[PDB]
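Okay, structure first, notes after.
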Amino acid sequence: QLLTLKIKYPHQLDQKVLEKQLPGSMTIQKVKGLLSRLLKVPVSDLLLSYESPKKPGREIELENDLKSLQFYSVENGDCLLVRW
Ligand SMILES: [Pr+3]
Ligand SMILES: [Pr+3]
Ligand SMILES: [Pr+3]
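For reference, each letter of the sequence shown is one residue, going 444 to 527 in full-length UniProt numbering.
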């Protein structure tokens, strides 16, 4: 299953968020790898969380690099929040 996710950085307006299509089976390590190469920020520095429109405003940390997006129940249309 492919997830279409919004990608938000802290300084961005909600109106200017990016999107990416990612497999749900992708590990958090590999999502950080992708973001690291895009942003030129080290993998070790990235902090990822997500939010669902089902529970507006609640952030869930994507903490365990070995686990997948699916493990955390990230769904189509959710928003990945990226900090460093
Ligand atoms: Pr908000
Ligand atoms: Pr927010
Ligand atoms: Pr700082």
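The beta carbon of each residue, even a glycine, is placed where N, CA and C say it ideally should be.
Check	Outcome
For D457, which residues in the same chain have their Cβ closer than 8 Å to its Cβ, ignoring the five residues on either side in sequence?	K451
Check this for me: beta carbons of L524 and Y493, under 9 Å apart or not?	yes
Taking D521 as the reference, which of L509, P496, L489, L461 has the closest Cα?	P496
Closest by CA to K463, which one among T470, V474, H454, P453?	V474
Does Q464 come out as helix, strand or coil in the three-state DSSP assignment?	strand
Run the proximity test for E462: is its beta-carbon closer than 8 Å to any non-hydrogen atom belonging to ligand 2?	no
With distances taken Cα to Cα, identify the nearest neighbour of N519 among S468, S479, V486, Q455.	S468
Between the Cα of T447 and those of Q455, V460, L481, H454, spot the shortest distance and give me the residue it belongs to.	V460
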